[PDB]
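Structure first, commentary second.
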Amino acid sequence: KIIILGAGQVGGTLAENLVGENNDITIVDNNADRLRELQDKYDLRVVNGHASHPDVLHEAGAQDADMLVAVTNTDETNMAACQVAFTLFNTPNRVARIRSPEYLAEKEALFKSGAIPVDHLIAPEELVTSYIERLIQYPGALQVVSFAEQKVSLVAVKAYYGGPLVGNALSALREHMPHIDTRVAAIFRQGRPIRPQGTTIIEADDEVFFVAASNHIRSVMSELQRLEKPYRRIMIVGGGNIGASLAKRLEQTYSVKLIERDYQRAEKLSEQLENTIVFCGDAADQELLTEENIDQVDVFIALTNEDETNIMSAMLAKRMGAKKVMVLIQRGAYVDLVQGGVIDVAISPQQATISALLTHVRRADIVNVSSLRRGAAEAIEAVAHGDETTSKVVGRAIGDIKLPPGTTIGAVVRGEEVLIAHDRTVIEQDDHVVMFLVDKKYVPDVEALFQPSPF
Amino acid sequence: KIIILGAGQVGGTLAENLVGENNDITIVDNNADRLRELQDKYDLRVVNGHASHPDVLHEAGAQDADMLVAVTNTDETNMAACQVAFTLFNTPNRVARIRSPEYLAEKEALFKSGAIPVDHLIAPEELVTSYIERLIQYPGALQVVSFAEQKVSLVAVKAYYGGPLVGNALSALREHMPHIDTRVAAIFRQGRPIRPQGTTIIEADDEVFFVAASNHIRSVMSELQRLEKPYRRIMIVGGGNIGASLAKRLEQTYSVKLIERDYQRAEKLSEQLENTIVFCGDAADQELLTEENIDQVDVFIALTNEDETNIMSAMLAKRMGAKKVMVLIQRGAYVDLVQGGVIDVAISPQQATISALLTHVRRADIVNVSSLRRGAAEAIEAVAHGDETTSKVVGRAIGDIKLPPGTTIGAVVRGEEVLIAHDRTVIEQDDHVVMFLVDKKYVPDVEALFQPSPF
Amino acid sequence: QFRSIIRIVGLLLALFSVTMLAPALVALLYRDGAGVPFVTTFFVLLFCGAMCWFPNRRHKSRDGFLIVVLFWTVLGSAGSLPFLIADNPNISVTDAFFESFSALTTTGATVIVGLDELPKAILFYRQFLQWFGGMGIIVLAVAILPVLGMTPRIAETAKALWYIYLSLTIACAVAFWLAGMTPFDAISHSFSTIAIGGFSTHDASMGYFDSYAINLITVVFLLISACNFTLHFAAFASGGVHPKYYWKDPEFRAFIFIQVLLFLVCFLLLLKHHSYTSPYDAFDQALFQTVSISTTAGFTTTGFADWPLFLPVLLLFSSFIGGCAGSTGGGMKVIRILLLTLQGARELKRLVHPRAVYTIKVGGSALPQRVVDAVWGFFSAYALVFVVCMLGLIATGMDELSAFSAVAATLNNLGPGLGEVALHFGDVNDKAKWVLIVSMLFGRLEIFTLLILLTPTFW
Amino acid sequence: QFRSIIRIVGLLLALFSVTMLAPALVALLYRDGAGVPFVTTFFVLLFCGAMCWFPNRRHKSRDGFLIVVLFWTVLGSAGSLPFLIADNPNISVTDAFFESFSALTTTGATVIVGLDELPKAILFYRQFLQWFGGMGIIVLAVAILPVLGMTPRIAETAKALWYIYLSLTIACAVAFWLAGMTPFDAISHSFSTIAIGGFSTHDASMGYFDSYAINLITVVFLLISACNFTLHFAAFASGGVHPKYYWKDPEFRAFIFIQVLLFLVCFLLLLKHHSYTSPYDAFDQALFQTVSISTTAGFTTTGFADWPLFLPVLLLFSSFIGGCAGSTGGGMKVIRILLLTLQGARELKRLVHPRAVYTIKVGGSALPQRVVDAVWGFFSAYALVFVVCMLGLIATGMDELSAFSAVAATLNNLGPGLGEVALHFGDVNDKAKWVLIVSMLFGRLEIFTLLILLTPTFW
Ligand SMILES: Nc1ncnc2c1ncn2[C@@H]1O[C@H](COP(=O)(O)OP(=O)(O)O)[C@@H](O)[C@H]1O
Ligand SMILES: Nc1ncnc2c1ncn2[C@@H]1O[C@H](COP(=O)(O)OP(=O)(O)O)[C@@H](O)[C@H]1O
C-alpha cells in the first residue's frame, strides 16, 4: 500500500501516474484544498487531517504499507511527521520533500537516519527546479523527456538566427556526426508541423525534435553546446525562494538583473545578492524594460507567484527583443496553452520533479503512457501487448502499421538495447515503442491500435 | 418635517435630541446602518440607498418640508446632495457640512452672496476643536452647559495643586467677587459627593460645580483665567484629521509633541506640521512617555479612532504626571462610566454640538429636559406645569418640597431675569427652574414630582 | 421586567368593560335576555382593573411575548365570566371558557346548542368578541412583528387599520341588510364575516339566510378580508392611488391561484357525482364552502349530506393554507407556502446549474436567510404541535379521526371540524375541550409565542 | 455529452439479460411454469444490448440524471416482457409495465390476482426483480450523491454493501425456512423482506403464513434492512468494533423512537376498540403492521377488517417517514424529518438568544446550508408532485379518497394503498395506472432526477 501526504502542488501529479500496477494508492492531504483535491481525485481515498499527528497516520502505518511518500508544503512539519511515523509505526521506506533549502546543504546524521529524518530519499523543489540552469546552460534547448529506463531521450531544440543550425540542411546535420544514430521526429515551424526529409532549417522559429539513445542525445547536445555562442545576460522578474536561489546560482557566471515589486524584499535581496543588480518595479511596464536594455537581454525568466503575470511579462520581453523566454506555470491548462512560439519554455514545477523522479522508478507500462508537454503534439511510450500475431501491432513491421496521422515511431527499446526505428524492423512482444504524435487528439486512436481483442 | 442623511458619523446622534418637535420627524441614513440600526434604536421614519442620487431624496417630502440635515463625511458630495434636492424637490430650510476647509475658508464671501448652491446654513464637525482650545485656556474648566436659551450656565471646574482654589475656604471664594451671584451646586471629592457650604476645598482634584447667570459665569471664569498660570506643554496621541488641525491651531502658542503609530502618516505630519515635534510610536508604551517628559506635560489629549485606546493611554498619562487629561469618546456608555477623576474630560463630537444646539433649539420645555454629563450626576431644567395647587411644586417653597436625595436647585429663570433660589425662594414661578441631581437614577421621580395629577 | 405588565393588563380589561357595556345596552334595547350579567361583569372587570392597575411604574423583548400571551388568555377568561353568570345558556365553566375563547380567538367553534332561541345580547356579544379579536389579530400581526411572522408610523397605521376594518364591516352589514338580513343579524354577521370568525346567531350557520346574494357577499368580503390589510392601506392612503397594486404582491397571486384551483376542483368533483341537480347550485355551494373553509372563516351553508366524502376532507386540509400573512385568521399563511414553492423551484433550478447563486426573490426583493429559516422552523413547530394535540385528544378517549379533525379545526382557527365533533363541540370530552382551547391559543400565537413560554431556558 | 449513453444502456440491459437465466433455471428444476418467455427475453435483450454497443467516450454531471432515469425506465420496459409473453398470468401490456416497474422500483404494488396458483418461475422472477432493484437502490444512492438526502473507495464499498446485502438475505431466508417455510418461499420472501419491497408469492402476502415467529423475523430483518447500510459497514469492517455504533447515529435514534411510538400508539388504539380477542395478538399484529408499513415495506398479515380506520390511515401517513437514508425504499427519509425537528428546535432556541450563533448539529458535525436548503426543496417537490399526481388520478375518474391513498402508496414505494385499492390494482383505470407508474417512478430518484427532465432550463 502506497501513501502520499500534503497539500503540495506536486502531490496531485504523483497521484495520477502512479495509479494501478497492483499497488493501492492513498493520499492524505491537509485540511482545505486537500479536502477538495482529495474529493476531486480518481481512485484512492483521502482522510482529511494534519499530516503529522499519529491518529491520521495509523490507517497507513501498520497495515502493510508499501512506501511512505511524505511530500508537504512545509518542511519543518514534514520532518516531525516522518519521525512520528517511524518511531510510532514501522513505515520501513519513506520519502520526504523539504525545500529548506539550508537543510539540504547538510544531510549530517539526521539524514543518516539515526534521528529527526529517518528517510531513504528526499526530494527538493529547488534543486530539481534548478534544471532551469541546465536549460540556460544548453543554448537553444526547449525540452527533454525520457522513455523506457534512461536509454532513449527526446529533445526539443530551437534554431536561432545566427546560430549554427540556420541555413544548414538536415543532411549536413546528419553528416556532421556520422557516428550518431538519431531520428528527427517532427519539426514545428511557425506553429504548423512539417515533414522532414533533408530540408533547410528556417532560422526564425524551427523547433527540431531528436529521438535517440541518451548517450547520443547527450553527445549531440554537447556538440551544440560547443558550437552555439553561450548566453551572456539574464533577466529575472521574481523575488521568490526560487528566483533568489537562481540569481545566487547564476550571478557568478552571468550578469543578472532581477526585478521585484515588494520594496522590502528588493532591499533584502540587494543585501543578500551581490553581483546581481536588483530592481524594484512591476514586470509589466515597458519604461523599465526598455530603460534596462530589454533589446539586449538574452534569457528572460518569469518566476512570479501569479502565472498570468509571468506569461504576459515574458511575452512582452519576447516582443521587445529577448532571445529566450521562460515562465513558471502552476496550472497545466496554461502550460498546455502558451508554450509555443511566443513563450519558448514553461516550467511546471510539478512536472520538473515528476518527470525526473518518476521516469527512473518502475518504468510504468500501459498500452499508452504519455509524457505531457505543450503543443498539439504529444509523446507516448506504447507497449506491445498481446500474442505474436494476436495483437494488431505485434509481429508486424513498422512500415505495415496503420498509424494515426502525424504519428511517427522514433525508436524501439528492446530490453537493454536501443534501435532507431525503420520500416525494415518488426515489432516484437513486450517491446517498448517510442512514438510521437503531432495532434494529441489521436492519443486514444493509438491505444485502440495497441489494445488487442479483449480476452 | 425633519430629514437627515446617511450614513452619518454624528448624524445618528443628531437624530436623537432633535426628535422633540411635535411635528413629524424622519431620519434616512445611508443604507443598512441607517435602517437596521436606525429602526432598532429609533422612532418614526426613513430610508435607504447611496447618496446622493435624487431617487432617495424625494422620500423627505419637500412640499414645504421644513428640516433638511445633510450629514456627510465628504463635502464635495454634500454640496451636490443638497442641490439636487432644491432643484428637483425644492426643500426650503437647508443645512450643510463642509470640512474642505478651503471652501470653509472662502465660504463666508462665497456662501453669503446667494449665488452659492442651496446651503446657506452651515455646520462644521471640526469646530469642536475651538472648545478644546477653550479647555486648554481657563485652566481647570472641565465643562459648561447653558439652559433657558443660554440664560443660565452650569460649570464644572477642577482645583489643581498650586492653583488659586487650594486651601482657600469657600467663604473666601464667595468674598473674592462680592458682585457675582453664583450658586455652588455640589462638590465631588474622590468620587463621593459632599455638602459644600462653608467647607475648605481640598486641593487634590476637587470638582466644584457653579450655577449662575451667563454674565456671572463669564466673569468668574475670566477671573480664574487671570489667577491660574496658563498651560505651556501639550501632548497629543492622534494623527487624525482632528488631531492634525488641533496641532495646527495650537503649535503657535504652545509647545506640542504629537504621537502616531503609522510611520507614513508621521512623515506626512512632520512635513505639514512646523513647530510641532511629531513622533512615531504607540501611545501605550511608557518607554516613550517617560523618555519624553510625561511627568512634565500639562495637557494630554487623546484623539485616536478607538475609544478604549484613548481611555487607557490617557489614564496612563494621568498616572504618570499629566495635569489635565482629555479623550475622544465615540460611545456615550463610556463617557458615563469612566470619566470622573481619572479622565478629566472627553470630547464627544455628538454632545459637543448637541449641548449648544439643543439650548439654541426651541423649545426644550418638557416635564424633564436632561442635559447629561459624566458620572452619576445630573443637571436638569424642570418645568413647573399646572395651576396654583394642581402641581406638587407650584406656589410652594423649595425648603418645603420633598426633593429626591442630593437634589439641589441652583437657579430659577423667569423671563429675562435669573434668581439664585436662596432660602425661602420667593418666586413668580409658572416659570423655569434649574436643578442638579447627584444620582441620575432619580430623574424620573423629579418628573413625577413635576408631573401634575393626570386628568 | 416582569410585574411591570400589570398596568397594561388593567388598561386592557378596563377597555373590555366598556365593550361589555355596548352589548348590554343592545340587550336592554331588544327587551329580551339577561343583561344583568353583562352589567355585573362590567363592574367586576373594572374592579379587577383598578385592583390590578394600582399605580403605574417605570416604562422599562421577552416582555412583549408575555404581553401578547397574557392579552389573549386574560381577555378569554374575562369573556368566560359573562357566560358563567347568566342563566339562559346554563353551561359548565369549561363550556363557557370554550365559547369565550373561540369567539375571541376567532376560531368558529361553538359548544352551545339552540342559538336561534337565545338572548339577543349573548349572541350579539359573541359576534362582537369575534370583531374584537379580529382587530387584535390585525393590529398585532401588522404592528407587532418582532419574531412574529420600511417602517411607517406605528399608531397612525394602528388606527388606519381600524378605519379599514370599520369601512368594511359597515359596507358589509349594509349589503347584508340590502340582501334581506335582519339589521341585528346583519351587524352580527358582518362582525364575523369580516373578522373571518365563523360565528352566527343561528344553529345552521349561513344556512338560515339561504340567499344567493348573501352567499356571494360572504364570499366577496371573505376574499377581501383574507387579503393583506397592509395592501388595502395602499388603496386607502392618498385616495385610490391604484386598484391593481394587489396583483403585484405575489402572495395575492398565490392566494388567488389557490382559491381558484380549490374552487374549480371542488366544483368539477361536485358535478361528476351529480351531487346537486342544478349547476347554479353546485357553483354557489362550492364557491361559498371553499372560500369559507380555505380562508379559515368557518361558515357552512350545507351539511355535506350529498357531498362526496372527499370534498369535506379536501376543505379541511385546505384550511391549513389559510389567509394572507397580514389578513385576519390563518393557519400557516399562504406566503409561507409561496416561499416553500419558491424554495423547491430554487433547488430544482440549482440542480441543473450547481455553481450558481440563486436567491428567493419575492416581488423583486431578496429574502434574508433568517426569515426563510424562520418559515420552516414554523412549519416544524406547527407539525410537532399538531401531533401532540392529536395524541392528547386521543388520550382523553376522543375519537381518533374526530381528534384529527378537531385539531385541524382549532389549530387553524377554522373552527368547524368534520366527524364526531361535526357541528357542535358540546359533547366533546372535557379534558379534550381544554386541550382544544390550548390548541386554538397555539394557532393564534403563530405556534411560537406560546411554545417559547414552556421552555425552561426562557425563565 | 448527450447521445453517448446508448453504450451504457446496452451494457446494462445485457447484464439484465444475464439475470433472466436464474429464474428460467428455477423453472426447469420444477419443470412447470412456462419458462419459454424467460429464454426468449434473454435472447431479445442480449440482442438489444449488442444492437447498440459502439464504444465512444470511455474513461480510465447533467448526464448522470439521464443515466439513472434510463436505469429505471429502460430496465422496467425490458423487465415487462416476461409478463407480456407468458400465458398463465395473461395480463395486458399496461398491467405488465405496472407489475415490472413495481417489482423493480421496490413498490409492493401488484396487478395480478391469484398468485398462489401461478407458475413458480414467474413469481420467483418477481421477487428477483425486487432483489435486483434492491441492490440498485443502495448502489445508486450511496455512490451517486448530487442529490444526497475518512472516506472509503467507491468500488470496495460498492461490494462491501453487496456482501452485507447477501449475508442478510441468506441469514433471513435461513430463519424463514427454519420457521416452517418452503425453501422456495423462503428465498422469495427474503428477496422481498431485505429489499423492503412488499412482494409475496401469495394473495395474502405475509398473512398466508400464520406463525408468530415469521412475523417477528420479518419485523427484525425489516428494522435491520431499513437501517443505514453505511452504518452496517461499520459492523462489517474488521468485525465488531462496537455493537452500539448504531445508537450513536442520531438517525438511528430517531428511527427507533418513531417505530416504538407508532407501535405503542397503534397497540393501545388496537385495545381501546377490542379489535383482537387476545392482547398477545394485538401486540403481534400491531408490531408487524407498524414495522411493515412505517418502514415502507408493504407486507400485510390482516385485512384491517376489525381494525379501526384510524390505524390504517395512520399507517399510510406514517409511510411518508420511511426507511433511513442509506437503505432501500422510503419516501422522505427519517433524516429529513430529524432535520425538520432540529430546525424547529433551533428556531425555538432563538427565543431569548437572538444574537447567538446556533447551527444544525447532527452527531457533532455541522451541516452546510446548501444541504439543509436541499432537504426543504425536497419537501416542496414532494408536496407539489403529490398534489399533481392525486389530481391526475382524480381527473381519470378514479375515486378521490382512493386516489389519495394510491398516490401515497406509490410515491412512497409502499405500495399497498387503503381504500378501493387494497389489495389489487386490477380494476384501476388504465390511464390512472400509467399515472401511477409515473408516480412510483417519482418515488425513486428522490423526486428531483425526474422532475428536472420536465424543466425547460434543462434542455
Ligand atoms: N507584477 C509583479 N512584478 C514583480 N514582482 C511580483 C509581481 N507580482 C508578484 N511579485 C512578487 O513575487 C515575489 C515572490 O513570490 P512569492 O509570493 O514569494 O511566491 P510563494 O507564494 O510561492 O512564496 C513576491 O515578492 C511578490 O511581490
Ligand atoms: N496608540 C494608537 N493606536 C491606534 N491608533 C493610533 C495610536 N496612536 C495614534 N494613532 C492614530 O490615530 C489616527 C486616527 O485618526 P483618525 O483621523 O480618526 O483616523 P481616521 O482618519 O481613520 O478617522 C491614526 O493615525 C492612528 O494611527
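The chains in the C-alpha cells are called A, B, ... from first to last as shown; in each chain the residues are counted from 1, and the ligands are counted from 1 in the order shown.
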**OP:** Just the residues within 9 Å of residue B:233, please, counting only C-alpha atoms, with nothing from its chain fewer than 2 positions along; format it as an MDAnalysis selection string.
**Re:** chainID B and resid 231 235 254:257 296:300
Original post:
Do you know which residues are at most 9 Å from stretch 31-40 of chain D counting only C-alpha atoms, after dropping those on the same chain fewer than 6 positions away, and could you put them as an MDAnalysis selection string?
Top reply: chainID D and resid 20:21 23:25 81:88 118:122
Write the residues you've just listed into a file as an mmCIF file, in the first residue's frame, and include C-alpha atoms for each of them.
```cif
data_model
loop_
_atom_site.group_PDB
_atom_site.id
_atom_site.type_symbol
_atom_site.label_atom_id
_atom_site.label_comp_id
_atom_site.auth_asym_id
_atom_site.auth_seq_id
_atom_site.Cartn_x
_atom_site.Cartn_y
_atom_site.Cartn_z
ATOM 1 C CA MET D 20 -33.097 -13.766 -16.640
ATOM 2 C CA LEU D 21 -31.449 -17.214 -16.745
ATOM 3 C CA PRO D 23 -35.473 -17.778 -12.827
ATOM 4 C CA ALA D 24 -35.569 -19.837 -16.030
ATOM 5 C CA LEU D 25 -33.273 -22.375 -14.354
ATOM 6 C CA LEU D 81 -41.501 -8.720 -21.459
ATOM 7 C CA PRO D 82 -41.774 -11.972 -19.408
ATOM 8 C CA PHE D 83 -45.254 -10.955 -18.232
ATOM 9 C CA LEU D 84 -46.193 -9.910 -21.774
ATOM 10 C CA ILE D 85 -45.189 -13.238 -23.327
ATOM 11 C CA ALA D 86 -46.310 -15.813 -20.758
ATOM 12 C CA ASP D 87 -49.865 -17.147 -20.718
ATOM 13 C CA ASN D 88 -50.767 -18.347 -17.209
ATOM 14 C CA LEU D 118 -49.173 -19.298 -10.501
ATOM 15 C CA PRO D 119 -46.009 -20.546 -12.243
ATOM 16 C CA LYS D 120 -43.206 -20.756 -9.670
ATOM 17 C CA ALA D 121 -40.953 -19.273 -12.368
ATOM 18 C CA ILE D 122 -42.884 -16.013 -12.731
#
```
Original post:
What gap, in Å, lies between atom CA of residue B:62 and atom CA of residue B:1?
Top reply: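 Result for atom CA of residue B:62 versus atom CA of residue B:1: 8.8 Å, one decimal.
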Contact residues around stretch 88-99 of chain B with only C-alpha atoms at 6 Å, ignoring same-chain residues under 4 positions, as a PDB file with C-alpha atoms, in the first residue's frame:
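What landed in result_10.pdb:
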```pdb
ATOM      1  CA  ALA B  62     -40.104  68.530   0.038  1.00  0.00           C
ATOM      2  CA  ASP B  66     -39.037  72.371   6.937  1.00  0.00           C
ATOM      3  CA  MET B  67     -35.921  70.484   8.079  1.00  0.00           C
ATOM      4  CA  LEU B  68     -33.062  69.146   5.929  1.00  0.00           C
ATOM      5  CA  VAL B  69     -29.844  67.891   7.562  1.00  0.00           C
ATOM      6  CA  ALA B  70     -27.025  66.958   5.166  1.00  0.00           C
ATOM      7  CA  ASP B  75     -18.069  67.901   1.371  1.00  0.00           C
ATOM      8  CA  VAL B  84     -30.296  68.017  -6.243  1.00  0.00           C
ATOM      9  CA  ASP B 119     -26.795  75.602   1.616  1.00  0.00           C
ATOM     10  CA  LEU B 121     -26.871  77.371   6.737  1.00  0.00           C
ATOM     11  CA  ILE B 122     -23.668  75.572   7.685  1.00  0.00           C
ATOM     12  CA  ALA B 123     -22.451  73.244  10.431  1.00  0.00           C
ATOM     13  CA  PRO B 124     -18.819  72.047  10.678  1.00  0.00           C
TER      14      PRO B 124
END
```
Subject >> Residues near residue C:394, cut-off 12 Å, only C-alpha atoms, skip fewer than 2 positions along chain, as JSON, numbers by chain >> reply: {"C": [387, 388, 389, 390, 391, 392, 396, 397, 398, 399, 400, 401, 402, 403, 404, 405, 406, 407, 428, 429, 431, 432, 433, 435, 436], "D": [265, 266, 268, 269, 272, 310]}
Subject >> Within 10 Å of ligand 1 (only C-alpha atoms and all ligand atoms), residues as an NGL selection string >> reply: :A and (73 or 236-244 or 258-266 or 279-285 or 302-310 or 312-313)
Just need the residues of chain D within 7 Å of chain C, counting only C-alpha atoms, so spit them out as a CSV table (one decimal) with N, CA and C atoms, in the first residue's frame.
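Written output follows (selection_25.csv):
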```
chain,number,residue,atom,x,y,z
D,62,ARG,N,-24.7,16.5,-15.6
D,62,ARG,CA,-26.1,16.5,-16.2
D,62,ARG,C,-26.4,15.3,-16.9
D,310,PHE,N,-58.8,4.5,11.8
D,310,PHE,CA,-57.6,5.4,12.2
D,310,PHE,C,-56.3,4.7,12.0
D,340,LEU,N,-36.0,18.5,10.1
D,340,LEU,CA,-37.1,19.3,10.3
D,340,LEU,C,-37.3,19.6,11.8
D,341,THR,N,-37.2,18.6,12.6
D,341,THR,CA,-37.4,18.8,14.1
D,341,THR,C,-36.2,19.6,14.6
D,343,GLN,N,-34.5,21.9,13.1
D,343,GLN,CA,-34.6,23.3,12.7
D,343,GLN,C,-35.7,24.0,13.5
D,344,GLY,N,-36.8,23.3,13.8
D,344,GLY,CA,-37.8,23.8,14.6
D,344,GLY,C,-37.3,24.1,16.0
D,347,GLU,N,-35.1,27.3,15.9
D,347,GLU,CA,-35.9,28.5,15.9
D,347,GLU,C,-36.5,28.7,17.3
D,348,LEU,N,-36.8,27.6,18.0
D,348,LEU,CA,-37.2,27.8,19.4
D,348,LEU,C,-36.1,28.3,20.3
D,351,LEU,N,-35.3,31.9,21.1
D,351,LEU,CA,-36.4,32.5,21.9
D,351,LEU,C,-35.8,33.7,22.7
D,352,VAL,N,-34.7,33.5,23.4
D,352,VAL,CA,-34.1,34.6,24.2
D,352,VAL,C,-32.7,34.9,23.8
D,374,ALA,N,-31.5,22.0,0.6
D,374,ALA,CA,-32.0,20.9,-0.4
D,374,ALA,C,-33.0,20.0,0.2
D,376,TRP,N,-35.4,20.9,2.2
D,376,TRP,CA,-36.7,21.5,2.1
D,376,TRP,C,-37.1,21.8,0.7
D,377,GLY,N,-36.2,22.0,-0.3
D,377,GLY,CA,-36.5,21.9,-1.7
D,377,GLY,C,-37.2,20.5,-2.0
D,378,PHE,N,-36.7,19.5,-1.3
D,378,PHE,CA,-37.2,18.2,-1.5
D,378,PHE,C,-38.6,18.1,-0.9
D,380,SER,N,-40.7,20.5,-0.7
D,380,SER,CA,-41.6,21.2,-1.6
D,380,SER,C,-41.9,20.4,-2.8
D,381,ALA,N,-40.9,19.8,-3.4
D,381,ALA,CA,-41.1,19.0,-4.6
D,381,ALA,C,-42.0,17.8,-4.3
D,400,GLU,N,-61.7,9.5,-5.4
D,400,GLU,CA,-60.8,10.6,-4.9
D,400,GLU,C,-60.0,10.1,-3.7
D,401,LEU,N,-60.7,9.7,-2.6
D,401,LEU,CA,-60.0,9.2,-1.5
D,401,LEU,C,-59.1,8.1,-1.8
D,448,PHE,N,-36.3,14.5,-7.8
D,448,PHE,CA,-35.6,15.6,-8.4
D,448,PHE,C,-35.0,15.1,-9.8
D,452,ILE,N,-36.4,17.2,-13.0
D,452,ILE,CA,-35.5,18.1,-13.8
D,452,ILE,C,-35.8,17.9,-15.3
D,458,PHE,N,-33.4,22.8,-18.3
D,458,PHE,CA,-32.5,21.7,-18.6
D,458,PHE,C,-32.2,21.6,-20.0
```
Residue D:224 surroundings by only C-alpha atoms, 10 Å radius, close-in-sequence under 5 positions cut, as a PDB file with N, CA, C and O atoms, in the first residue's frame:
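Final file, part_16.pdb:
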```
ATOM      1  N   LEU D 168     -27.400 -10.864   4.470  1.00  0.00           N
ATOM      2  CA  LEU D 168     -28.684 -10.602   5.106  1.00  0.00           C
ATOM      3  C   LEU D 168     -29.765 -11.469   4.485  1.00  0.00           C
ATOM      4  O   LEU D 168     -30.532 -12.117   5.205  1.00  0.00           O
ATOM      5  N   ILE D 194     -35.729  -8.136   2.557  1.00  0.00           N
ATOM      6  CA  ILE D 194     -34.492  -7.373   2.694  1.00  0.00           C
ATOM      7  C   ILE D 194     -34.499  -6.147   1.790  1.00  0.00           C
ATOM      8  O   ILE D 194     -34.110  -5.056   2.211  1.00  0.00           O
ATOM      9  N   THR D 218     -39.613 -11.201  10.303  1.00  0.00           N
ATOM     10  CA  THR D 218     -39.828 -10.118   9.353  1.00  0.00           C
ATOM     11  C   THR D 218     -39.664  -8.759  10.016  1.00  0.00           C
ATOM     12  O   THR D 218     -39.031  -7.868   9.448  1.00  0.00           O
ATOM     13  N   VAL D 219     -40.208  -8.583  11.224  1.00  0.00           N
ATOM     14  CA  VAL D 219     -40.027  -7.319  11.939  1.00  0.00           C
ATOM     15  C   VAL D 219     -38.543  -7.031  12.141  1.00  0.00           C
ATOM     16  O   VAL D 219     -38.061  -5.917  11.882  1.00  0.00           O
ATOM     17  N   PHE D 229     -27.270   1.383   5.539  1.00  0.00           N
ATOM     18  CA  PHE D 229     -26.294   0.338   5.238  1.00  0.00           C
ATOM     19  C   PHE D 229     -24.862   0.810   5.459  1.00  0.00           C
ATOM     20  O   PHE D 229     -23.988   0.000   5.797  1.00  0.00           O
ATOM     21  N   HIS D 232     -24.140  -0.310   8.769  1.00  0.00           N
ATOM     22  CA  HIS D 232     -23.804  -1.730   8.811  1.00  0.00           C
ATOM     23  C   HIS D 232     -22.369  -1.972   8.357  1.00  0.00           C
ATOM     24  O   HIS D 232     -21.729  -2.938   8.798  1.00  0.00           O
ATOM     25  N   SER D 327     -30.480   3.143   2.822  1.00  0.00           N
ATOM     26  CA  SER D 327     -31.173   1.862   2.826  1.00  0.00           C
ATOM     27  C   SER D 327     -32.207   1.872   1.711  1.00  0.00           C
ATOM     28  O   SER D 327     -32.402   2.878   1.022  1.00  0.00           O
TER      29      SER D 327
END
```
**OP:** Return as a PyMOL selection string the residues belonging to chain A that are within 8 Å of chain D, counting only C-alpha atoms.
**Re:** chain A and resi 43-48
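Take atom CA of residue D:227 and atom CA of residue A:26: the distance between them is 29.6 Å.
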Original post:
Near residue A:82, counting only C-alpha atoms, which residues have an atom at most 7 Å away, once you skip same-chain residues fewer than 3 positions from it, shown as a PyMOL selection string?
Top reply: chain A and resi 78-79+85-86+117-118
**OP:** Determine which residues of stretch 170-256 of chain B receive a DSSP assignment of helix (DSSP H, G or I), computed from the backbone, and state them as number ranges by chain.
**Re:** B: 170-176, 214-227, 241-251
Original post:
What is the distance between atom CA of residue B:140 and atom CA of residue B:343, in Å to one decimal?
Top reply: 12.7 Å
Subject >> Test item: residues at most 9 Å from residue B:21, only C-alpha atoms, excluding those fewer than 6 positions along its chain, as a PyMOL selection string >> reply: chain B and resi 362-364
Counting only C-alpha atoms, what are the residues of stretch 340-431 of chain C within 10 Å of stretch 199-217 of chain C, and for each of them which pair of atoms is the nearest and at what distance in Å, to one decimal? Sort the table by chain and rising number, as a tab-separated table.
```
residue	atom	partner	partner_atom	distance
C:415	CA	C:199	CA	9.4
C:423	CA	C:203	CA	8.6
C:424	CA	C:203	CA	9.1
```
